[PDB]
């Protein structure tokens, strides 16, 4: 493959930069930050209680609307300074730009209201290394490399100014 795939991003106030991914069949679309300081994919779960402010205003993955969903359910946790982020492993198809990959990702069922309620995006695609991955889950760009369809094993960021 000689493919390069781009993804237009949104600049919110010079503080949040996020773009679009799709998860499932048919695709459920999420705003995500592409985070080279982390290695996992997380979105809100349709199982996250509406009594979490951080969940109550973002888009939630609903596994039971997805025909390519494959259940896992391993609990996994992130220690954020303001409180714990947690949910469970799921596998489904994710599209980033022109690229489709089967990917293990975490569905979040509880998180701190701060800072997450102020996020203008719904989730996160970690672009770091398997070493930094929680539960040593294969990161998305590792799975993109294994498809062997990219021109070069690199990814680049442009961030505009407001």
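Positions refer to the first chain, counted from 1.
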Stretch with the greater mean C-alpha B-factor as recorded in the entry, comparing 50-58 against 115-123: 50-58
130-138 versus 34-42 - greater average Cα B-factor per the deposited record: 130-138
C-alpha B-factor winner, where the candidates are 25, 147, 15, 10: 147
Among modelled residues of the same chain, the CA temperature factor third for residue 99: highest
